[PDB]
Every structure is written in C-alpha cells, then in structure tokens.
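Asks: Please see the structure below; I have some questions.
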Amino acid sequence: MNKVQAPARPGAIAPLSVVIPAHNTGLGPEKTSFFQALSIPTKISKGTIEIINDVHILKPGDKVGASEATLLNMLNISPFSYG
C-alpha cells in the first residue's frame, strides 16, 4: 500500500460511512481536543487517546470539515479511497 489514506480535505463531500473505531488511535492525549471538537466520547488508554464508542465521523452525503479532515488524517483512516 502507498496512498491507503485518502486525501481528506475540508470542503469535500463524504461519500462513505467512515467510523472512528472504539480503540486507541495511537495519537497522543492532546488529540482528544480534535476528537471532542468533532463531538467524540474519548478516554485516555496507554498515554494515548482512545475511543469508547464507535464514532460515525463521516456520513454518506455529509461534508468533511477542517478539524474533521485533520482528525481523519490523524486517524490514518481513508474517507474516500485507498487505490
């Protein structure tokens, strides 16, 4: 894989049903500000921010926001395509 993470960019429409899994994101506890920015229930696991409830971050027909795009980019999740 190379471009597994699709270019999540604010302004683009959300075609897929992206879900932020209830699992440690690998991100530092600081990123919980972004998770909470997208109204996400968060708890710190291993010095990393973890998700407690599977988040319906993107919805087919929604519109990827700024901190939202950033969130998905930090999550290393592909809200579009992976090639």
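Residue numbering restarts at 1 for every chain of the structure tokens, chains are lettered A, B, ... in their displayed order, and ligands are numbered from 1 as they appear.
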Leaving out region 9-12 of chain A and any residue of its chain fewer than 6 positions from it, which residues lie within 12 Å of it when counting only C-alpha atoms, given as a ChimeraX atom specification?
Replies: /A:58,60-73,78-80
Asks: For the residues in the current selection, export C-alpha atoms as an mmCIF file, in the first residue's frame.
Replies:
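In the end it all went to result_17.cif:
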```
data_model
loop_
_atom_site.group_PDB
_atom_site.id
_atom_site.type_symbol
_atom_site.label_atom_id
_atom_site.label_comp_id
_atom_site.auth_asym_id
_atom_site.auth_seq_id
_atom_site.Cartn_x
_atom_site.Cartn_y
_atom_site.Cartn_z
ATOM 1 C CA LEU A 58 -18.432 10.746 8.230
ATOM 2 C CA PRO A 60 -22.514 9.395 3.004
ATOM 3 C CA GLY A 61 -23.850 12.776 1.952
ATOM 4 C CA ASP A 62 -22.101 14.804 4.643
ATOM 5 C CA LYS A 63 -19.288 17.319 4.172
ATOM 6 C CA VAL A 64 -15.781 16.823 5.540
ATOM 7 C CA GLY A 65 -14.804 19.767 7.737
ATOM 8 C CA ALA A 66 -11.410 21.242 8.637
ATOM 9 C CA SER A 67 -10.670 19.759 12.047
ATOM 10 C CA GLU A 68 -12.698 16.802 10.826
ATOM 11 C CA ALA A 69 -10.413 16.244 7.836
ATOM 12 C CA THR A 70 -7.473 16.724 10.167
ATOM 13 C CA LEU A 71 -8.992 14.195 12.566
ATOM 14 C CA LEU A 72 -9.379 11.585 9.826
ATOM 15 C CA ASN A 73 -5.848 12.367 8.658
ATOM 16 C CA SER A 78 -9.416 6.583 4.369
ATOM 17 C CA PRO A 79 -12.676 8.560 3.965
ATOM 18 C CA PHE A 80 -12.533 8.189 0.175
#
```
Asks: As a ChimeraX atom specification, please: every residue in chain A that a backbone DSSP assignment puts in alpha helix (DSSP H).
Replies: /A:32-37,66-75
Asks: In Å, rounded to a single decimal, give me how far CA of residue 3 (chain A) is from CA of residue 42 (chain A).
Replies: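 These atoms are spaced 27.7 Å apart.
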Asks: Tell me which of A:59, A:1, A:45, A:77 sits closest to residue 23 (chain A), counting only C-alpha atoms.
Replies: A:45
Asks: Please, which residues of chain A, numbered as in this document, come out strand (DSSP E or B) from DSSP, as a list in words?
Replies: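 Strand (DSSP E or B) members of chain A, listed: residues 10, 12, 13, 14, 20, 24, 42, 43, 44, 49, 50, 51, 55, 62 and 63 of chain A.
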Asks: What is the CA of residue 36 (chain A) to CA of residue 14 (chain A) distance in Å?
Replies: 19.6 Å
Asks: Which residues of region 30-69 of chain A come within 9 Å of region 17-21 of chain A, and what is each one's closest atom pair and distance in Å (one decimal), counting only C-alpha atoms, sorted by chain and residue number, as JSON lines?
Replies:
```
{"residue": "A:50", "atom": "CA", "partner": "A:21", "partner_atom": "CA", "distance": 9.0}
{"residue": "A:51", "atom": "CA", "partner": "A:21", "partner_atom": "CA", "distance": 6.6}
{"residue": "A:52", "atom": "CA", "partner": "A:21", "partner_atom": "CA", "distance": 8.2}
{"residue": "A:53", "atom": "CA", "partner": "A:21", "partner_atom": "CA", "distance": 7.3}
{"residue": "A:54", "atom": "CA", "partner": "A:21", "partner_atom": "CA", "distance": 4.7}
{"residue": "A:55", "atom": "CA", "partner": "A:20", "partner_atom": "CA", "distance": 4.8}
{"residue": "A:56", "atom": "CA", "partner": "A:19", "partner_atom": "CA", "distance": 4.6}
{"residue": "A:57", "atom": "CA", "partner": "A:19", "partner_atom": "CA", "distance": 5.4}
{"residue": "A:58", "atom": "CA", "partner": "A:18", "partner_atom": "CA", "distance": 4.7}
{"residue": "A:59", "atom": "CA", "partner": "A:17", "partner_atom": "CA", "distance": 4.8}
{"residue": "A:60", "atom": "CA", "partner": "A:17", "partner_atom": "CA", "distance": 5.4}
```
Asks: Could the residues in this selection be saved with N, CA and C atoms as an mmCIF file, in the first residue's frame?
Replies:
```
data_model
loop_
_atom_site.group_PDB
_atom_site.id
_atom_site.type_symbol
_atom_site.label_atom_id
_atom_site.label_comp_id
_atom_site.auth_asym_id
_atom_site.auth_seq_id
_atom_site.Cartn_x
_atom_site.Cartn_y
_atom_site.Cartn_z
ATOM 1 N N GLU A 50 -7.976 7.158 23.351
ATOM 2 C CA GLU A 50 -8.739 6.024 22.861
ATOM 3 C C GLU A 50 -10.209 6.392 22.717
ATOM 4 N N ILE A 51 -10.875 5.693 21.823
ATOM 5 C CA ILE A 51 -12.278 5.923 21.542
ATOM 6 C C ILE A 51 -13.124 4.889 22.269
ATOM 7 N N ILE A 52 -14.174 5.346 22.932
ATOM 8 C CA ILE A 52 -15.001 4.460 23.732
ATOM 9 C C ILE A 52 -16.213 3.960 22.956
ATOM 10 N N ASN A 53 -16.751 4.807 22.099
ATOM 11 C CA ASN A 53 -17.878 4.432 21.248
ATOM 12 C C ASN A 53 -17.514 4.623 19.785
ATOM 13 N N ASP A 54 -17.793 3.617 18.959
ATOM 14 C CA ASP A 54 -17.548 3.710 17.521
ATOM 15 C C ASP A 54 -18.249 4.935 16.937
ATOM 16 N N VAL A 55 -17.454 5.869 16.442
ATOM 17 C CA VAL A 55 -17.965 7.166 16.020
ATOM 18 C C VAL A 55 -18.343 7.174 14.547
ATOM 19 N N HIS A 56 -19.566 7.583 14.242
ATOM 20 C CA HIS A 56 -19.950 7.822 12.858
ATOM 21 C C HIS A 56 -19.438 9.190 12.423
ATOM 22 N N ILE A 57 -18.130 9.269 12.205
ATOM 23 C CA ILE A 57 -17.472 10.534 11.908
ATOM 24 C C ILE A 57 -17.951 11.107 10.571
ATOM 25 N N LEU A 58 -17.933 10.297 9.519
ATOM 26 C CA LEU A 58 -18.432 10.746 8.230
ATOM 27 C C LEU A 58 -19.677 9.986 7.847
ATOM 28 N N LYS A 59 -20.542 10.672 7.139
ATOM 29 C CA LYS A 59 -21.802 10.108 6.703
ATOM 30 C C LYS A 59 -21.928 10.318 5.203
ATOM 31 N N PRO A 60 -22.315 9.282 4.450
ATOM 32 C CA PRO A 60 -22.514 9.395 3.004
ATOM 33 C C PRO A 60 -23.524 10.487 2.656
#
```
Asks: Quick one: distance from CA of residue 26 (chain A) to CA of residue 39 (chain A) in Å, one decimal?
Replies: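 A separation of 18.7 Å between them.
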Asks: Quick one: of A:30, A:83, A:76, A:4, who's nearest to residue 48 (chain A), counting only C-alpha atoms?
Replies: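 Using only C-alpha atoms, the shortest distance to residue 48 (chain A) belongs to A:30.
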